[PDB]
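This is input11.txt. It holds compact mmCIF, C-alpha atoms and all ligand atoms.
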# COMPACT_ATOMS: atom_id res chain seq x y z
CA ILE A 1 35.95 4.56 55.49
CA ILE A 2 37.80 7.81 56.29
CA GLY A 3 35.44 10.55 57.54
CA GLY A 4 31.87 9.80 56.49
CA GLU A 5 29.08 8.65 58.82
CA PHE A 6 28.34 5.55 60.88
CA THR A 7 25.35 3.54 59.68
CA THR A 8 23.34 0.32 59.80
CA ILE A 9 22.80 -2.37 57.17
CA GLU A 10 19.19 -1.26 56.65
CA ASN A 11 20.63 1.63 54.58
CA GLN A 12 22.83 -0.59 52.35
CA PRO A 13 20.81 -3.85 51.84
CA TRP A 14 23.10 -4.92 48.98
CA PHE A 15 26.31 -4.90 51.05
CA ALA A 16 28.09 -8.22 51.55
CA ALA A 17 30.62 -8.81 54.35
CA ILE A 18 33.25 -11.30 53.29
CA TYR A 19 35.52 -12.86 55.91
CA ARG A 20 37.83 -15.89 55.57
CA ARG A 21 38.73 -18.74 57.95
CA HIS A 22 42.40 -19.33 58.66
CA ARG A 23 44.17 -22.60 59.39
CA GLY A 24 43.49 -22.82 63.11
CA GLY A 25 39.94 -21.50 63.30
CA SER A 26 40.25 -17.72 63.68
CA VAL A 27 38.35 -15.73 61.05
CA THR A 28 39.15 -12.22 59.81
CA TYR A 29 37.36 -9.68 57.63
CA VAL A 30 38.54 -9.38 54.03
CA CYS A 31 36.47 -7.15 51.70
CA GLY A 32 32.94 -6.02 50.91
CA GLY A 33 30.75 -6.98 47.94
CA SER A 34 27.42 -6.37 46.22
CA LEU A 35 24.39 -8.66 45.85
CA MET A 36 23.85 -8.93 42.10
CA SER A 37 21.01 -11.43 42.31
CA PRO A 38 19.67 -14.00 44.81
CA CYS A 39 22.59 -16.33 44.03
CA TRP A 40 25.33 -13.85 43.06
CA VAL A 41 27.67 -11.28 44.60
CA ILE A 42 30.21 -9.19 42.69
CA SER A 43 33.52 -7.99 44.18
CA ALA A 44 37.17 -7.33 43.27
CA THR A 45 39.60 -10.00 42.14
CA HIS A 46 42.45 -8.69 44.29
CA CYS A 47 40.67 -9.73 47.48
CA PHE A 48 40.91 -13.38 46.48
CA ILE A 49 43.69 -13.85 43.93
CA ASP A 50 46.18 -14.88 46.63
CA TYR A 51 43.74 -17.29 48.37
CA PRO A 52 41.70 -18.86 45.49
CA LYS A 53 40.20 -21.57 47.76
CA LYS A 54 36.44 -20.97 47.79
CA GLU A 55 35.97 -23.05 50.97
CA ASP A 56 37.88 -20.47 53.02
CA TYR A 57 35.42 -17.66 52.41
CA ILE A 58 32.38 -16.70 54.48
CA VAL A 59 29.84 -14.08 53.40
CA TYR A 60 27.05 -12.29 55.21
CA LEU A 61 24.15 -10.11 54.12
CA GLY A 62 22.17 -7.90 56.49
CA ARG A 63 25.02 -7.71 59.03
CA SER A 64 25.42 -4.29 60.74
CA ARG A 65 28.53 -4.84 62.92
CA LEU A 66 31.91 -6.54 62.57
CA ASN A 67 31.69 -8.97 65.51
CA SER A 68 27.98 -9.11 66.27
CA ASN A 69 25.07 -11.11 64.81
CA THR A 70 22.51 -8.65 63.42
CA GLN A 71 18.87 -9.74 63.72
CA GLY A 72 17.92 -10.68 60.18
CA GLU A 73 21.35 -11.68 58.85
CA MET A 74 22.17 -14.83 56.85
CA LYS A 75 25.49 -16.72 56.78
CA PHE A 76 26.56 -18.03 53.33
CA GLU A 77 29.26 -20.04 51.56
CA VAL A 78 30.85 -19.48 48.12
CA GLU A 79 29.50 -22.11 45.69
CA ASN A 80 31.47 -20.72 42.72
CA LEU A 81 34.44 -18.33 42.77
CA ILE A 82 35.19 -16.71 39.42
CA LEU A 83 38.15 -14.36 38.91
CA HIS A 84 38.55 -12.34 35.71
CA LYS A 85 40.88 -14.44 33.56
CA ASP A 86 42.80 -11.32 32.40
CA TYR A 87 43.56 -9.62 35.77
CA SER A 88 46.92 -8.07 36.70
CA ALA A 89 48.37 -5.69 39.31
CA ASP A 90 50.88 -2.97 38.48
CA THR A 91 52.48 -0.51 40.93
CA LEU A 92 49.16 1.18 41.70
CA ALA A 93 46.62 0.28 39.01
CA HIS A 94 44.69 -3.00 39.23
CA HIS A 95 43.42 -4.39 35.93
CA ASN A 96 40.06 -6.11 35.43
CA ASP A 97 39.65 -6.07 39.20
CA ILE A 98 36.19 -7.66 39.11
CA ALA A 99 35.10 -11.07 40.45
CA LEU A 100 31.99 -13.14 41.13
CA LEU A 101 30.94 -15.33 44.05
CA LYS A 102 27.94 -17.62 43.66
CA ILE A 103 26.65 -17.93 47.22
CA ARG A 104 24.87 -20.77 49.02
CA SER A 105 23.57 -21.45 52.54
CA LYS A 106 24.24 -24.77 54.26
CA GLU A 107 20.80 -25.88 53.05
CA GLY A 108 21.71 -25.09 49.45
CA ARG A 109 19.46 -22.09 48.81
CA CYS A 110 20.54 -18.62 47.78
CA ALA A 111 19.62 -15.30 49.43
CA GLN A 112 16.13 -14.48 50.68
CA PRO A 113 15.41 -10.76 50.04
CA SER A 114 14.17 -8.79 53.05
CA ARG A 115 14.00 -5.31 54.60
CA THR A 116 17.81 -5.56 55.05
CA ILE A 117 18.80 -7.99 52.25
CA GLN A 118 18.06 -6.48 48.81
CA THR A 119 19.79 -6.10 45.43
CA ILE A 120 21.36 -3.31 43.35
CA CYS A 121 21.11 -2.94 39.58
CA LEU A 122 24.01 -3.02 37.11
CA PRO A 123 24.49 0.04 34.89
CA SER A 124 23.33 -0.18 31.26
CA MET A 125 25.69 -0.25 28.26
CA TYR A 126 27.18 3.17 27.38
CA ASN A 127 25.36 4.98 30.17
CA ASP A 128 27.31 6.27 33.16
CA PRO A 129 26.74 9.37 35.27
CA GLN A 130 28.47 12.57 34.16
CA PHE A 131 31.53 13.81 36.05
CA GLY A 132 30.96 15.78 39.25
CA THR A 133 28.02 13.53 40.19
CA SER A 134 27.66 12.57 43.83
CA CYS A 135 27.70 8.87 44.72
CA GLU A 136 28.18 6.81 47.91
CA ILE A 137 30.63 4.19 49.11
CA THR A 138 30.07 1.77 52.03
CA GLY A 139 32.28 -0.43 54.19
CA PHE A 140 34.19 -1.57 57.26
CA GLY A 141 37.55 -0.25 56.01
CA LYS A 142 39.92 1.94 58.02
CA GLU A 143 38.82 5.27 59.49
CA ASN A 144 42.42 6.51 59.31
CA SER A 145 45.42 5.15 57.42
CA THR A 146 47.50 4.96 60.60
CA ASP A 147 45.11 2.52 62.27
CA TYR A 148 45.25 -1.26 62.16
CA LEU A 149 41.77 -2.23 63.37
CA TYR A 150 38.63 -1.81 61.27
CA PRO A 151 35.72 0.17 62.70
CA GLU A 152 33.24 -1.90 64.72
CA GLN A 153 30.22 -0.37 63.00
CA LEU A 154 29.38 -0.02 59.30
CA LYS A 155 30.16 3.35 57.69
CA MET A 156 29.41 5.26 54.49
CA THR A 157 30.21 8.57 52.81
CA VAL A 158 29.38 10.47 49.64
CA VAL A 159 31.98 11.42 47.05
CA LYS A 160 32.01 12.94 43.52
CA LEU A 161 33.04 11.54 40.10
CA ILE A 162 36.16 12.93 38.38
CA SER A 163 36.45 12.95 34.54
CA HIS A 164 38.98 10.73 32.70
CA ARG A 165 41.13 13.53 31.35
CA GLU A 166 41.19 15.32 34.69
CA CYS A 167 42.26 12.07 36.36
CA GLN A 168 45.05 11.48 33.78
CA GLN A 169 46.76 14.82 34.48
CA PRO A 170 50.34 14.33 35.84
CA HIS A 171 49.69 15.25 39.52
CA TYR A 172 46.91 12.60 39.53
CA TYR A 173 47.30 9.16 37.90
CA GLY A 174 48.76 9.95 34.48
CA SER A 175 48.41 7.17 31.93
CA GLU A 176 48.08 4.69 34.82
CA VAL A 177 44.34 5.28 35.05
CA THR A 178 42.71 3.84 31.92
CA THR A 179 39.18 4.17 30.51
CA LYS A 180 37.90 0.98 32.18
CA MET A 181 38.13 2.70 35.58
CA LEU A 182 36.33 5.67 37.17
CA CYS A 183 37.87 8.21 39.54
CA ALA A 184 35.95 9.67 42.47
CA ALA A 185 36.79 11.73 45.53
CA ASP A 186 35.95 14.50 48.00
CA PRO A 187 36.74 17.97 46.58
CA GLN A 188 38.24 18.80 49.99
CA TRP A 189 39.98 15.42 50.43
CA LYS A 190 38.69 14.95 54.01
CA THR A 191 36.80 11.73 53.30
CA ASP A 192 37.51 8.72 51.12
CA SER A 193 37.29 4.94 51.02
CA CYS A 194 40.37 3.07 52.20
CA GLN A 195 41.97 -0.35 52.79
CA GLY A 196 39.24 -2.62 54.13
CA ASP A 197 36.60 -1.18 51.78
CA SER A 198 38.11 -2.76 48.65
CA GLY A 199 35.47 -4.24 46.35
CA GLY A 200 32.82 -2.09 47.97
CA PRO A 201 29.63 -0.93 46.23
CA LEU A 202 29.80 2.48 44.52
CA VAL A 203 26.14 3.39 44.12
CA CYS A 204 25.22 6.39 41.93
CA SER A 205 21.63 7.53 41.41
CA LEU A 206 21.51 7.68 37.60
CA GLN A 207 18.39 9.08 35.93
CA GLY A 208 16.32 8.02 38.94
CA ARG A 209 17.60 4.51 39.68
CA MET A 210 20.20 3.66 42.32
CA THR A 211 22.98 2.00 40.26
CA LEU A 212 26.12 -0.03 41.05
CA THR A 213 28.51 2.05 38.97
CA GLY A 214 31.84 0.93 40.36
CA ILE A 215 33.67 -1.50 42.62
CA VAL A 216 36.33 -0.17 45.01
CA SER A 217 39.69 -0.99 43.40
CA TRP A 218 42.73 1.19 44.20
CA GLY A 219 44.15 4.57 45.17
CA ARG A 220 47.32 6.23 46.48
CA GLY A 221 47.03 6.39 50.28
CA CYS A 222 43.60 7.45 51.60
CA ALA A 223 41.92 10.86 51.36
CA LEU A 224 45.09 12.41 49.96
CA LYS A 225 45.11 15.49 47.74
CA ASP A 226 44.85 14.85 44.00
CA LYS A 227 44.61 11.13 44.73
CA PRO A 228 41.02 10.08 43.79
CA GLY A 229 39.65 6.66 44.66
CA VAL A 230 39.69 4.49 41.54
CA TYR A 231 36.89 2.00 40.76
CA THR A 232 35.98 -0.64 38.16
CA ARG A 233 33.64 0.61 35.44
CA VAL A 234 30.88 -2.00 35.71
CA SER A 235 29.14 -0.91 32.48
CA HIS A 236 32.16 -2.22 30.59
CA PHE A 237 32.06 -5.68 32.11
CA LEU A 238 28.40 -6.30 31.28
CA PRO A 239 28.97 -8.96 28.55
CA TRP A 240 31.49 -10.62 30.88
CA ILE A 241 29.04 -10.69 33.81
CA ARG A 242 26.27 -12.01 31.57
CA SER A 243 28.15 -14.98 30.11
CA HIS A 244 29.65 -15.94 33.49
CA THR A 245 26.20 -16.27 35.08
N1 LIG B 1 42.32 5.73 48.37
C1 LIG B 1 41.35 4.81 48.31
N2 LIG B 1 40.13 5.20 48.11
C2 LIG B 1 41.65 3.38 48.44
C3 LIG B 1 40.88 2.34 47.78
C4 LIG B 1 41.36 0.97 47.86
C5 LIG B 1 42.57 0.61 48.58
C6 LIG B 1 43.11 -0.73 48.67
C7 LIG B 1 44.34 -1.02 49.41
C8 LIG B 1 44.98 -2.35 49.53
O1 LIG B 1 45.83 -2.57 50.39
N3 LIG B 1 44.59 -3.31 48.64
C9 LIG B 1 45.12 -4.57 48.56
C10 LIG B 1 44.92 -5.54 49.56
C11 LIG B 1 45.50 -6.82 49.44
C12 LIG B 1 46.25 -7.14 48.30
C13 LIG B 1 46.45 -6.17 47.28
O2 LIG B 1 47.23 -6.32 46.13
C14 LIG B 1 47.55 -7.65 45.71
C15 LIG B 1 46.78 -7.98 44.39
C16 LIG B 1 47.84 -8.07 43.28
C17 LIG B 1 49.25 -7.89 43.93
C18 LIG B 1 49.07 -7.80 45.47
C19 LIG B 1 45.87 -4.91 47.42
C20 LIG B 1 45.01 0.06 50.07
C21 LIG B 1 44.49 1.38 49.98
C22 LIG B 1 43.30 1.67 49.25
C23 LIG B 1 42.84 3.01 49.17
Take the structure from the file and write it as structure tokens.
Amino acid sequence: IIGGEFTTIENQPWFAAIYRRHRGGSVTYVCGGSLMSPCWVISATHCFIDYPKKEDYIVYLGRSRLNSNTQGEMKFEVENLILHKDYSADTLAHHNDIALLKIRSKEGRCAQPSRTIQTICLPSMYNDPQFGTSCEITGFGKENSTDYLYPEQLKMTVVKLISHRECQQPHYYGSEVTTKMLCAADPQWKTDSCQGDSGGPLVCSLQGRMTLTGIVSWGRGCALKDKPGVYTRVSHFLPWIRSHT
């Protein structure tokens, strides 16, 4: 996260920290995810496409720091790794950048909801917030684009939604941004998600209920003028999510 505020997991109980073991033992942080149900997490396909081996991934819920064990956390493994069978990656735009990870503890059980391990609801068919609506993104991604280390503590910021036609103007993303993606950014471009936050939860309070409206997908640079953060429009992939669960 660029700008924003530091925070603890108790404020984002649906945030999943996904790391991956490397040949040799060392483990690094990959992307963030969202707890769909006790047994399922939903992320982005571009965080796994190049390393499709489910065994390599580790996932935590209720973890507040990057290299600390938060009281209340749970360490999981990826029972099933499902990548959208129609995904592709152009110069900037990432297509059908949505994946699923069926989790499982060493004992074989799924996630046990708690004060710091809860779920977020999927949006309903044909019902997304209007443009200009404030929403929030969470993650352990970069604080600045010139850095190389991820922040040690969890962060989060609030951004606004940008309409499809406004996002397709030339100085933005032209015909690269399609209708199965949502744009969102700070009107003053001082804060924005960034590398590290990919596949992060984009929660928007719609008509009263906190909703998972988008997954962090792509953007030009980070917090740059006329360069909104693009996300996957979850409402569209509802039939897909249903049949693959
Ligand atoms: N501006 C944002 N809000 C934002 C939001 C998301 C961002 C993601 C990456 C990034 O580096 N993503 C990434 C990481 C690993 C691989 C990858 O692409 C592969 C998938 C298909 C071809 C190579 C992208 C970089 C910058 C990002 C910036």
Determine, for each residue of stretch 110-205 of chain A having at least one atom at most 12 Å from an atom of stretch 48-66 of chain A, the closest pair of atoms and their separation in Å to one decimal, counting all atoms listed in the file; order by chain and ascending number, as a tab-separated table.
residue	atom	partner	partner_atom	distance
A:110	CA	A:61	CA	11.2
A:111	CA	A:61	CA	8.3
A:112	CA	A:61	CA	9.8
A:113	CA	A:61	CA	9.7
A:114	CA	A:62	CA	8.8
A:115	CA	A:62	CA	8.8
A:116	CA	A:62	CA	5.2
A:117	CA	A:62	CA	5.4
A:118	CA	A:62	CA	8.8
A:119	CA	A:61	CA	10.5
A:138	CA	A:64	CA	11.6
A:139	CA	A:64	CA	10.2
A:140	CA	A:66	CA	7.6
A:141	CA	A:66	CA	10.7
A:149	CA	A:66	CA	10.8
A:150	CA	A:66	CA	8.3
A:151	CA	A:66	CA	7.7
A:152	CA	A:66	CA	5.3
A:153	CA	A:65	CA	4.8
A:154	CA	A:64	CA	6.0
A:155	CA	A:64	CA	9.5
A:196	CA	A:66	CA	11.8
A:198	CA	A:48	CA	11.2
A:199	CA	A:48	CA	10.6
Problem set entry | Expected answer as number ranges by chain: residues within 10 Å of ligand LIG 1 (chain B), all atoms listed in the file | A: 1-2, 30-31, 44-50, 87-95, 97, 137, 141-142, 145, 183-185, 191-200, 215-224, 227-231
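One distance worth recording is that between atom CA of residue A:81 and atom CA of residue A:102, which is 6.6 Å.
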Problem set entry | atom CA of residue A:160 to atom CA of residue A:14, distance in Å rounded to a single decimal | 20.7 Å
For this session: Take atom CA of residue A:169 and atom CA of residue A:133 and report the distance between them in Å, one decimal.
Result: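 These two atoms are separated by 19.6 Å.
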For this session: Give the answer as one residue: which of A:202, A:9, A:156, A:212 has the shortest atom-to-atom distance to residue A:70, using only C-alpha atoms?
Result: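 Of all the options, A:9 lies closest to residue A:70.
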Exercise. Pick from A:187, A:13, A:208, A:129: nearest to residue A:226, with only C-alpha atoms counted?
Worked result: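 Closest to residue A:226, using only C-alpha atoms: A:187.
Every protein, DNA or RNA residue with an atom at most 7 Å from residue A:132, where only C-alpha atoms count and chain neighbours fewer than 2 positions away do not, is listed here: residues 130, 134, 160, 161 and 162 of chain A.
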Problem set entry | Option closest in space to residue A:239, from A:124, A:12, A:43, A:7 [counting all atoms listed in the file] |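 Closest residue, counting all atoms listed in the file: A:124.
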Exercise. Between A:15, A:126, A:76, A:148, which has the minimum distance to residue A:104 (counting all atoms listed in the file)?
Worked result: A:76
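Using all atoms listed in the file for every distance, the candidate list A:83, A:135, A:74, A:35 yields A:135 as the residue closest to residue A:206.
Here the question is which of A:68, A:34, A:105, A:28 gets nearest to residue A:16 using all atoms listed in the file, and that residue is A:34.
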